[PDB]
Structures are given as structure tokens and as C-alpha cells.
Amino acid sequence: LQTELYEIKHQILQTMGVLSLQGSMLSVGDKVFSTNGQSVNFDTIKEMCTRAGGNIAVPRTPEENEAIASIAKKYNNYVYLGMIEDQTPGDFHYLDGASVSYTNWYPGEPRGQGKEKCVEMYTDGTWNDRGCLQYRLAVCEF
Amino acid sequence: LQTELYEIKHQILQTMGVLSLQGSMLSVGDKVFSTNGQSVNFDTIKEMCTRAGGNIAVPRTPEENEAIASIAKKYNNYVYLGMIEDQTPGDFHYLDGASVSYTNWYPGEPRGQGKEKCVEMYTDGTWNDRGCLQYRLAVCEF
Amino acid sequence: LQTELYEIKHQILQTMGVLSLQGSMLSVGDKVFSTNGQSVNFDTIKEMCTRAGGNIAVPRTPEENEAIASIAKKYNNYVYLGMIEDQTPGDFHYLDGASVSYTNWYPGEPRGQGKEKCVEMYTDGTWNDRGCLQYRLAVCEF
Ligand SMILES: C[N+](C)(C)CCOP(=O)(O)O
Ligand SMILES: C[N+](C)(C)CCOP(=O)(O)O
Ligand SMILES: C[N+](C)(C)CCOP(=O)(O)O
Ligand SMILES: [Ca+2]
Ligand SMILES: [Ca+2]
Ligand SMILES: [Ca+2]
Ligand code: NA
Ligand code: NA
Ligand code: NA
């Protein structure tokens, strides 16, 4: 059993290593980030991530944020994050409903005045509140 | 132990998620379909799949069939399936020897009269009996 | 439990199968080889492999050697191996410090006279001792 678990864990690290080495994904803690390289709107990204068994990416730590930023930088495009504006303007929540804890707004943001209910990440990693209909890099977390 | 199994299962879903998101494979039930994008003959596909630890794909449900059809459609090529004609013309078997259950013949097929011992899938998902020497998209199941 | 371990092992083989079929890696025994396709110096390859959770590749059997050779052949470039010269010229060690067992030197090699502390693999699989600053295919083992 112990010999079987080792082998299983070894093989997992091998496949994760291969995917990591080839830039197919980024591992941060227990979270894995990945993109299909496509630029689509918020609703479309949501579907793509869930179809793959994951969710539209959302950073909850500075290290997770930088990981997504590096992907945004790599593809030279902004990234829609897994959060939307509440009823009260300026207040945002994760898709499960919980209010956002970690934030990294670009100075002055959010200021869409309730008209920009989605959140995009600039290539430097800072956030901007934005309409949900733009074409943005699809980044998922697993 | 339970904490170790969760982590293992979590990491598996992560790697499967990454491969899924990037179109490297399709998951249907307990079956995974994948292609190397190459177009070769029946014998060559057989070898490639087994070298990868899998088998030349064969659909046994409508959902498995549509999955392979989507790959055929994606690469704009027909797909050799994991089945060949018996001694009696019009009767086909899986490679283990068992007679074919689920079928999706294009109307009028099979009618190769025993001269077309292999089976190819059109891009709409329907089947045609065919000679085994054509260049076809290599699709494997794992 | 036994049903859970089977499923886990099945899914592992599926992901390994997909990666194998698509040429993303080579499996030899319990060792997996992979490349990101990049050509950089020894120190850079070392870092890339360890960042992915692996190590710069080193063959310890003829089958492992041929596996790496095939990758070298595929990318038409030589490969830096995971070994460097001791203080005594002509003597080489693995990166953990242990002296090299299996070798496959091209005839006459090594003869860098202590000036060529790294080891490169030619596309035919044979070894040459070389300076560590050249651009070589980055191949990792996991
Ligand atoms: C996509 N882009 C961020 C590089 C520029 C275009 O952005 P946008 O027109 O959707 O606001
Ligand atoms: C490959 N193709 C199906 C698109 C057309 C050619 O098919 P075939 O000549 O092998 O019968
Ligand atoms: C890279 N190469 C092996 C194909 C030729 C150049 O090699 P080198 O100039 O680094 O010695
Ligand atoms: Ca804004
Ligand atoms: Ca026919
Ligand atoms: Ca030399
Ligand atoms: Na707003
Ligand atoms: Na026939
Ligand atoms: Na030397």
C-alpha cells in the first residue's frame, strides 16, 4: 500500500512536472493556473473553465496574483478574474457570493460607478473594474 | 491517509483539467480520447496508441461517438476505429474479438462486401467500412 | 478503497498516456524525460528543471541513454547531461556527488584535460566533455 501510494505520488509529480516545464500551467500552493490562450468575454471564460473541471481564476494571495500576472504578461492581454460587483457599487464578491478579501486595485480603481461589474487584471498585475463583454485572456484555476 | 488521498485526487483533477482546457484530450465517462494529430494507416495507429499505453479509439455509446466525431471534425479528417470485419462480410468485431454492439453506420453501410475490413468515422460521426491502408487521423482511448 | 486506488491509477495512466502520445514526454522505467525545447547553458537548464520539480536529465542505463538521444535527435541539438568533472580530470560525478557509473563516451572522450567540466550528448547518443556555457537542449528527468 505504502509502496503503491509512493508510486502514485511519484507519477503525479512527473505529469505535473512535464506540464510545468512546458509552460502549460503554473502551480502556486495547492492551486494550479492554466490558459487555453483564447481571448473571450466573461461568460465564455466561465463556461470554458467549468467544462474543464475548473473555475475562472481568482487570486487570493500576492503570490497567486503574480502567477496570473505572469500569464497575462506572457500573452500580452488582460485577464478577467473570478469576481463581480455587488449591488452596492465598489463592492465585489467571489462567484460563490463571499465578499472579496485580497485586492490589488490599480490606484483609483474601482471607479466604474456600478457600470463596470467585472474585474480585469492589467499585465502588471493590478486590477481594474470593467464591463463584462470585452475579449480577455481565459485563465482558469484548478 | 484520507488527507493524502484527497490531495492525490485533487492533483489528478488539476492535470486532467489542464489537458482538457488546452484541448489535448476529451474525457467521456471513464474513457479519455486523444490524438497526436497524425494521419496514418490502421496498423500504424494501432502501434502508436499501444506505445502510449492506450488503444485505437472505439465508441461504445452515442456520447463516446460524438466525442470522437468532434475530434474528426476538428482535424478535418476521418478516423479509423478500433474494429475490423469478421470472416462473414458485414459482421464486425472489437480487437479483443467480441462482436460490435453499438453502431452508427452511414445509411447503406457497411457494404464493402468483405473487401473493406476496416471502419472509418466520417466527420459527422457516422461510420463507413473501408480498406485499412488509407491515411486517417490517429485517435486513441485510454 | 481498492476501487478508489484503481480509479486513481487509471486516471494517472490516462494523463501519462495523453502526454506520451503527444510527444510531450518519454517514459523509461520509473523515469520520465521531457524538454521545453529551449537551448540554454548548463546553469540555466539546471534551474528550469528544478523549477518544474525535476532535475537535469542523466542516463544511467542504455535505455535511458537512447531515450535522451531520441530527444536530442528530434530537436537536432546536443543535450547537457546531469554530471560534471571532478577535481581529477577525466573523472565525472552526478550532481549529488556520486561518481558516474554508466557511461557512453564517444571514442577518445573525455579529453578536455579538465577544461571541459560539463558533458554533452551527441545526437547519436554518445558523450563529449565540453565547457558549460554553450546553448544546449534542456532535457529534464522526473
Ligand atoms: C486587448 N487589449 C487590452 C490589448 C487592448 C484592447 O482592449 P479593449 O478594447 O477590450 O478595452
Ligand atoms: C483524407 N480525406 C478523407 C480528407 C480525403 C482523402 O481520403 P482518401 O483518399 O484516403 O479516401
Ligand atoms: C548547436 N550545434 C551543436 C548544432 C552546433 C553549435 O554548437 P556549439 O557552437 O555550441 O559548439
Ligand atoms: Ca474601472
Ligand atoms: Ca464502405
Ligand atoms: Ca571533449
Ligand atoms: Na462598477
Ligand atoms: Na467489407
Ligand atoms: Na575536462
Side-chain angles (χ1 to χ4, degrees), chain A residues 15-24 26-47 49-84 94-95 102 104 106 118-128 130-142, chain B residues 10-24 26-27 32 34-35 37 70-71 74, chain C residues 15 18-19 22-24 34-38 51-53:
Chain A
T15 65
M16 300 210 74
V18 166
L19 288 171
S20 176
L21 178 68
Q22 300 188 332
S24 298
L26 277 181
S27 184
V28 178
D30 287 351
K31 198 177 285 190
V32 166
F33 297 109
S34 189
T35 183
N36 54 22
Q38 297 186 232
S39 282
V40 287
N41 63 21
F42 180 78
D43 288 339
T44 307
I45 298 174
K46 262 205 298 190
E47 194 279 324
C49 293
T50 51
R51 190 203 309 158
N55 295 275
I56 180 174
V58 55
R60 298 180 190 253
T61 65
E63 188 181 0
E64 287 183 7
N65 197 89
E66 179 53 38
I68 302 171
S70 70
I71 299 174
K73 193 181 177 193
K74 178 164 61 177
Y75 285 82
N76 224 80
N77 198 5
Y78 304 158
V79 177
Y80 271 143
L81 302 181
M83 54 180 56
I84 52 177
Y94 304 112
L95 270 36
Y102 169 85
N104 197 33
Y106 186 85
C118 279
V119 176
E120 66 177 0
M121 179 190 285
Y122 292 146
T123 59
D124 66 5
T126 61
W127 303 359
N128 174 47
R130 196 71 156 85
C132 306
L133 274 50
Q134 309 306 121
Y135 297 140
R136 293 296 177 262
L137 185 67
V139 180
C140 306
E141 66 182 34
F142 300 87
Chain B
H10 179 31
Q11 293 179 307
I12 282 175
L13 294 191
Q14 285 174 325
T15 65
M16 300 210 74
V18 166
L19 288 171
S20 176
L21 178 68
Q22 300 188 332
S24 298
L26 277 181
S27 184
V32 166
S34 189
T35 183
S70 70
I71 299 174
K74 178 164 61 177
Chain C
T15 65
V18 166
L19 288 171
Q22 300 188 332
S24 298
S34 189
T35 183
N36 54 22
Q38 297 186 232
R51 190 203 309 158

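FYI, side chains are in, hydrogens and waters are out, and symmetry mates aren't considered; it's all heavy atoms of this structure. Reminder, nothing fancy here: chain letters follow the sequence lines and each chain counts from 1.
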Next on the checklist: Applying side chain to side chain contact (heavy atoms under 4.5 Å, CB included) to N55(A) and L95(A), what does each step give before you reach the verdict?
Outcome noted: CA-CA 10 Å; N55(A) 295 275; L95(A) 270 36; over 6 Å; no
Next on the checklist: Could you walk me through whether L19(A) and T15(B) satisfy the side chain to side chain contact (heavy atoms under 4.5 Å, CB included) test, starting with their C-alpha distance in whole Å, then the side-chain angles of each, then the deciding distance to 0.1 Å, before giving a yes or no?
Outcome noted: CA-CA 8 Å; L19(A) 288 171; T15(B) 65; 4.0 Å; yes
Next on the checklist: Counting C-beta onward and ignoring hydrogens, is there a side-chain heavy-atom pair between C140(A) and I56(A) closer than 4.5 Å?
Outcome noted: no
Checklist entry - Would you say the side chain of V79(A) lies within less than 4.5 Å of the side chain of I45(A), judging by non-hydrogen atoms? => result no
What distance separates [X] [atom1] from [Y] [atom2], expressed to the nearest 0.5 Å?
X       : Y       : atom1 : atom2 : answer
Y78(A)  : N128(A) : OH    : CG    : 8.5 Å
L26(A)  : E64(A)  : CG    : CD    : 11.5 Å
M121(A) : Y106(A) : CE    : OH    : 15.5 Å
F33(A)  : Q14(B)  : CZ    : CD    : 10.5 Å
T35(A)  : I68(A)  : OG1   : CD1   : 11.0 Å
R60(A)  : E141(A) : CZ    : CD    : 7.0 Å

Next on the checklist: Once salt bridge (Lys or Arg N to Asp or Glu O under 4.0 Å) is applied, do any residues pair with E120(A), and if so which ones, sequence neighbours excluded?
Outcome noted: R130(A), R136(A)
For [X] and [Y], indicate whether the former's side chain and the latter's backbone hold a donor-acceptor pair under 3.5 Å.
X       : Y       : result
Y80(A)  : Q134(A) : yes
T126(A) : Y122(A) : no
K73(A)  : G125(A) : no

Checklist outcome for this item: By ring pair (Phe, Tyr, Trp, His ring centres under 6.0 Å), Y102(A) pairs with (sequence neighbours left out) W127(A)
Item to check | Non-neighbouring partners of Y94(A) that pass ring pair (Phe, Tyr, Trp, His ring centres under 6.0 Å), sequence neighbours left out | outcome: none
Least distance between heavy atoms, [X] atom then [Y] atom:
X       : Y       : result
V32(B)  : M16(B)  : CG2-CE, 3.8 Å
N65(A)  : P59(A)  : OD1-CG, 3.4 Å
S24(C)  : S34(C)  : O-OG, 2.8 Å
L137(A) : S39(A)  : N-OG, 3.7 Å
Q38(A)  : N36(A)  : N-OD1, 3.0 Å
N41(A)  : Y135(A) : N-CD2, 4.3 Å

Checklist entry - If you count the non-hydrogen atoms of other residues, nucleotides and ligands that lie under 6.0 Å from CG in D30(A), is the total more than 12? => result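 Count not over threshold, so no.
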Next on the checklist: Between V119(A) and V58(A), does the side chain to side chain contact (heavy atoms under 4.5 Å, CB included) criterion hold? Intermediate values first, please.
Outcome noted: CA-CA 10 Å; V119(A) 176; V58(A) 55; over 6 Å; no
